[PDB]
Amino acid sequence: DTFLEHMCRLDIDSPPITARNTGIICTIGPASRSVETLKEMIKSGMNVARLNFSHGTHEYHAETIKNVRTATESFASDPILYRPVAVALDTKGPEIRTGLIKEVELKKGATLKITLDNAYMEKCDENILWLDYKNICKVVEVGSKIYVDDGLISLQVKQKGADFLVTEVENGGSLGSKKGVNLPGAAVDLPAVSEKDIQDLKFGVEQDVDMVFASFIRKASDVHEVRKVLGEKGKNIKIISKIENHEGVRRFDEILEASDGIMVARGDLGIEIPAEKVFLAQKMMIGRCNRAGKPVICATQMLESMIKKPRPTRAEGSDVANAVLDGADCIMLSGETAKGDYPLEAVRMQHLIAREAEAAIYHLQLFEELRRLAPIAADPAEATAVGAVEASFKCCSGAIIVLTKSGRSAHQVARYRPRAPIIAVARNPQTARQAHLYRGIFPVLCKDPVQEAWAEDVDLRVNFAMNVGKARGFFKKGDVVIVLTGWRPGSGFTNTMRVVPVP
């Protein structure tokens, strides 16, 4: 009844009892591409496979996607135990790159002039450096820092020109070729969708991906440019906006209102804004996502140590758990599953931490705040969704069963953070897969034929859900579940709630 008493009763020497409710997203690459590893990653709890289009060809990604689907459909022969697995396309997005040295040393002792003049784009050195961002000179000033190679080189602009910068180095070191630059000042005006991104996104539509992780989102109009490129054929593809610099954090509200969800890229924010502040930015963006009922993913610097070790550090378990407790919907693994020595061990550990963290979630408190921050009255569907969550607490329910076309009704229930799992029963395979983005939704794909009597159809899907719930040990005979259904086909939105005994 008190958060403090929940913390006081935490017991490291008893196994975690509540289900993992947060999604696991795994970057698939060389170490994890193979069908056999992919099957093991699915059984160990991967919900979403991420393809990082910063590297690899279309051919290479097509085969990864084929292995992901082969590994996923290997479990299809049991509809009660089959777990849907979503496919995520993560774009390269806009970059600023230095181009070719003829590496070199660097210290303040010599000033570094930055030039954009294409006749210098292969003769980079400690005296003159080339940059591929033609419009740099408009968006920087004489106070502004310039980070080179993932923040290990910092500069400080002293003379701004029309098409040149005079800097002087801080935090010097070993500058090499084609290194990534960051401008903490920000308001960079690079397109939003690079030439490669438009091809990549078209391939995404053809490969039938469930969602896009759109890199370097700075404003609402970037999200709407990705939407427009995905076009009419891609309109049901979820757009997750990646927040990676200071301007994204500052314009968070317009990006959130434009997006299907959000990814917080902590390592990227680590470069752009001070370390004493990134934790506030993460707690802020997760809170605003929770309030809006929109999925938020925490990404980068999760279990990096597990690229080379089979167990993570104390600090990594704490950072991952504290992301769950901030209210993240999903946690994403990068190199730990893409290229590291322990891909399967990485998935298993992400699972153990997210599950252990559930002990420290106080569900009723999240609900009471989230219910009080809802509109004054809202539509019918909202009143019903909140009513189903309220009922779930007051009957100590095993689950909330939601029959959904698009997932919207399941999504509405999830925003309110019931303790009870949301078993989202869907015939649409894409909405089954997209559902993994949301804390506390367990999607199941009903393949049964559409009955002709609607009340018979509903009864079959609910029976399906009852069977899934029993097999997963969410509940058993004598328990009560909430059920949310539409009324007759002919009406709009799931506006119908029953409290039903588990037969």
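Note that residue numbering begins at 1 and tracks the sequence as displayed.
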Gap between residue 314 and residue 315, counted in deposited residues with no coordinates, falls in the class none
Per the entry, higher mean C-alpha B factor between 109 to 117 and 185 to 193 = 109 to 117
Comparing mean C-alpha B factor in the record for 442 to 450 and 66 to 74, the higher one is 442 to 450
Selection from 230, 104, 432, 332 [criterion: highest C-alpha temperature factor in the record] | 104
Please pick out which of 401, 307, 86, 165 has the largest Cα B-factor as recorded in the entry.
-> 165
In terms of the chain's CA B-factor thirds, is residue 407 lowest, middle or highest?
-> middle
Tell me, lowest, middle or highest third: where does the Cα B factor of residue 25 rank within its chain?
-> lowest
Split the chain's modelled residues into thirds by Cα B-factor; residue 129 lands in the highest
Assigned third (lowest, middle, highest) for the C-alpha B factor of residue 477 | highest
CA B-factor ranking of residue 33, expressed as a third of its chain = middle
